[PDB]
Every structure is written in C-alpha cells, then in structure tokens.
Ligand SMILES: Nc1ncnc2c1ncn2[C@@H]1O[C@H](COP(=O)(O)O)[C@@H](O)[C@H]1O
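Numbering (PDB author numbering), first residue to last: 4 to 192, 198 to 228, 234 to 281.
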C-alpha cells in the first residue's frame, strides 16, 4: 500500500517566503487551478477529482518554499486528490513521511498530519501564530532537520509546530478563501491567529464541501447551515471554499463517473 509517483509530481508550485501578498495569492490560486477537475464545478468553485478507488495514492504535487532568493527550498509532498501533506524533503535529501511506511525510502517523522497529532488538542489551533516570520522559521526548522532530531523531545515539538504552520499557510489556505485571504493580509507592508469560525471551517472541509454539492443535485433542495463556521447560505459557502473535496452525494456524480469525466477532459 506504498505510494506511487511521489518523486514524479504532477506539477511543482514555488513560493519565496519574502515575496508579497500578491505573489502569495496567485501562488495559492495557481495550486487550485491545477488541482481542479476541469469538468466539475459547483457554484463557480473548483472541485477536486475523486480519490482513485482501489490503488495506492498515485497523484502528487510538490510545493517548494524558499527562505531566500537563491537558497535551495524545502520540498513538500502533497496529495493531488485530497491535499494531504504526507512528506517533506530535508537539505540532506531525506524524505520524512507523516504516515508510517507510505513513501518509498522515507523515514517516519514520528507523528502524523492531523491537528490531534500535532497539537494534542484541536482547540489549540486558534493560538497558533501565523505571519512572515513564522513561515520563515517553520521552513528553516524543517529544512535543517537531521535524523538525530527524532530522539529529541523538544526538537520533535518544534517540528510539530513547524508542520502545523505549513498546514495552515499552504494546505488550508488552498482549501479556504477565508484562510488564504487572512494570510495574504498578514503579508502586506505582522502576526495573527485564526478565529473560531476559521477553526470550524478547517475542521469541516468535507462537511462544507458536501453541503455545496448537495445544492447541485437536480430536484425530483436548500442549503443546510453550519452555524459554528458562520456559513448560512450557498453563497457564503461558495465564498468560503477555495476548492472542494469530492464527496459522493445522493443524486450527484458518483466516484466512477466524475473520474471518467476527469480523464476525458485532459486531467491527470
Ligand atoms: N496529512 C494531512 N494533511 C492535511 N490535512 C489533513 C491531513 N490529515 C487530515 N487532514 C484534515 O483533517 C480532515 C479530517 O481528517 P480525518 O477526519 O481524520 O479523516 C481532512 O478532511 C483534512 O482536512
């Protein structure tokens, strides 16, 4: 059940930590546009293709974060089907994986990519500080990771804080316009923490995605509100979502069909 093609990304997206808000916003937009199922939209927002039924994960992209203009960057291995962070490459060339035995030749980092794993309690998410400095510190801490850092309690804690930072500023920002917008603001000519609404959105990507998709089924259908996210209408949901996870909703596309539409449309 090992992954395939981790070393053969579908695309590579690059960001310099010192760049402007504008550069960051289009970096995020670029990732969404390249991940989209060209044939499957919902309320003008892109929707991911389904996870392929019975193969191991074979669709990956890389994000490269450079702490400096010419410096080699930190490479993130992210799944193209569900935007999971599963690996990062260090300056010594070691692949660290976040799921034991998922990436050929990798070394397990010692924890996973859920906020439960990273923070102990998911409520701690609204105390994580985001900004340009945090981004630079997170990238440097993971780029400078050595194998000996794994048996160090405090090093493991710092690595978790660094991964948590990348997850919010890269993965969740891709998923959510609220998050990407929030981060772009911190990079304008610088520290912030997300509120409880963004925390609820980030913990409910599937639910919020599935709720938009339901409104698209052809009737024989209203939007179910999600109070804790602050999202009470289809339009607020469309404005909150950057890209939807594919969810098999009753009367909408099935996994099989959406996948054939993916292939027929020039998607890989
Ligand atoms: N490795 C990961 N990278 C990014 N997001 C993740 C990862 N693992 C879990 N998540 C997020 O957590 C949500 C729920 O995870 P789970 O409920 O444990 O299947 C997912 O839909 C993702 O938004």
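Idealized CB from N, CA, C, for every residue including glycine.
Of the candidates 87, 249, 175, 112, 112 places its Cα closest to the Cα of residue 163. CA-CA distance, residue 217 to residue 36, rounds to 17 Å.
According to the DSSP secondary-structure assignment, residue 100 is paired through a beta bridge with 90, 111. Taking each of 17, 38, 5, 20 in turn and checking the Cα distance to residue 280, the smallest one comes out for 38. Collapsing the DSSP output to three states places residue 69 in a strand.
Remark: the C-beta of residue 89 is in contact range of ligand 1, defined as less than 7 Å to any heavy atom.
Each of 273, 177, 142, 181 was checked against the Cα of residue 87, and the nearest Cα belongs to 177.
The C-beta distance from residue 267 to residue 247 rounds to 22 Å, too long to fall under 8 Å, and the pair is not in contact. Cβ-Cβ distances below 6 Å link residue 116 to 88, 101 in the same chain, with the five nearest sequence neighbours on each side left out; the list follows chain order. Counting C-beta atoms within 10 angstroms of its own C-beta, residue 191 has fewer than 16 neighbours from the protein chains shown and is therefore classed as exposed.
In the three-state reduction of the DSSP assignment, residue 256 falls in the coil class.
The closest CA to that of residue 71, considering only 138, 52, 148, 130, is found on 138.
Following the DSSP letters along the chain, one finds residue 16 inside the beta strand (DSSP E) bounded by residues 15-19. Taking non-hydrogen atoms of ligand 1 into account, the C-beta of residue 239 is found less than 7 Å away from none of them.
When the Cα atoms are used, residue 90 and residue 78 turn out to be separated by approximately 8 Å. The closest heavy atom of ligand 1 lies 7 Å or more from the beta carbon of residue 188.
Approximately 5 Å separates the beta-carbon atoms of residue 13 and residue 83; this is inside 8 Å, confirming the contact.
Residues 189, 198, 199 of the same chain have their beta carbon placed closer than 6 Å to that of residue 134, with the five preceding and five following residues left out of the count.
Between residue 99 and residue 108 a beta carbon distance of about 11 Å is seen, past the 8 Å cut, so the two are scored as non-contacting.
Counting every other CB atom within 10 Å of its CB across the protein chains shown gives residue 209 a total of 16 or more, marking it as buried. Distances taken from the Cβ of residue 174 to the heavy atoms of ligand 1 include one shorter than 7 Å.
For residue 169, the uninterrupted alpha helix (DSSP H) segment begins and ends at 156-169.
For residue 213, the Cβ falls inside the 7 Å cut-off from some heavy atom of ligand 1.
Cβ-Cβ separation between residue 67 and residue 15: approximately 6 Å, consistent with a contact (criterion under 8 Å).
The beta carbon of residue 211 sits closer than 7 Å to the beta carbons of 125 from its chain, once the five residues preceding and following it are set aside; these are given in chain order. Here the alpha carbon of residue 203 sits roughly 11 Å from the alpha carbon of residue 132.
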